[PDB]
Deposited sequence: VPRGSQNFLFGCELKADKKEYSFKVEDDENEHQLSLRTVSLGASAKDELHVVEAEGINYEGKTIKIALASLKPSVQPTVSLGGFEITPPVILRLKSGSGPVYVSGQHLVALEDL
């Protein structure tokens, strides 16, 4: 309903970003995943970790990106319910993630 900016940066020496919220309805809406200019020229895979419909945590790949092929990927508003961790699975980074934090 209300909407605010969200972002994070993943790199080899900080690979994880933990999205959680203190109880007060929230979604994280992912929009883009992009590589910074100094990312190495190799495939970077970013993954999300969160609850499936049977209440178990799963790890899913969100994007695979390479500077010389495909530096940005737009997700078009992929909504996830917190808690979620974003994780860098390969490549040096930096990788950036943008989106919205939604609050209803």
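Gaps in the coordinates relative to the deposited sequence fall at 1-4, 29-30, 111-114.
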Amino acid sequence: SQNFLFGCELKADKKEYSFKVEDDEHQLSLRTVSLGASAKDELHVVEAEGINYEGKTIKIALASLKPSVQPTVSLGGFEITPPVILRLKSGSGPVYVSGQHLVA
From here on, numbers count along this sequence of modelled residues.
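Higher average CA B factor: 12-20, of the stretches 12-20 and 77-85. Between the residues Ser64, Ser34, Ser29, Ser38, it is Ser38 that shows the highest Cα B-factor in the PDB record. Among all modelled residues in its chain, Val97 ranks in the lowest third by Cα B-factor.
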